[PDB]
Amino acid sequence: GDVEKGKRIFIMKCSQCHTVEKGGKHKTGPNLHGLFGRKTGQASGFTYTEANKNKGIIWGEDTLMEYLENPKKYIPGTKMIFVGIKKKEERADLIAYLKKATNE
């Protein structure tokens, strides 16, 4: 995906509730640093729903592609009230940005 396009998508659609940098603050949603390769519900210091803790998947490109299309379909009962991104290329670009930004 296109990291530069994905950053803009993140800012427009996600930054209201999320940070990505190491040591970044929790907002309505958790800081996302270290997301890839981690089970759901594991950001340090954030209180998740039981639903997000129970999901028991590992975040990576494929599981994010699915989640971000329709969050409540993937994790029923989640407190992330976000409609989703319908277009696959936009999800891919966002996820490429996340893969970079949450790993530095």
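We number the residues from 1 along the sequence you see.
Checklist line | Chain-wide C-alpha B factor ranking for residue 26, given as lowest, middle or highest third | finding: Middle third.
Note to self: Looking at the temperature factor on the CA atom of residue 88, which third of the chain's modelled residues does it land in?
What the structure shows: It belongs to the middle third of the chain when residues are ordered by C-alpha B-factor.
Margin query: Based on the deposited C-alpha B factors for this chain, I'd like to know if residue 81 is in the lowest, middle or highest third.
Written below: For residue 81, the deposited C-alpha B-factor lands in the lowest third.
Note to self: Quick check for you: using the entry's CA B-factors within this chain, is residue 40 in the lowest, middle or highest third?
What the structure shows: It belongs to the lowest third of the chain when residues are ordered by C-alpha B-factor.
Next item on the list: For residue 71, return the chain-relative third of its C-alpha B-factor as stated in the PDB record: lowest, middle or highest.
Entry: It belongs to the lowest third of the chain when residues are ordered by C-alpha B-factor.
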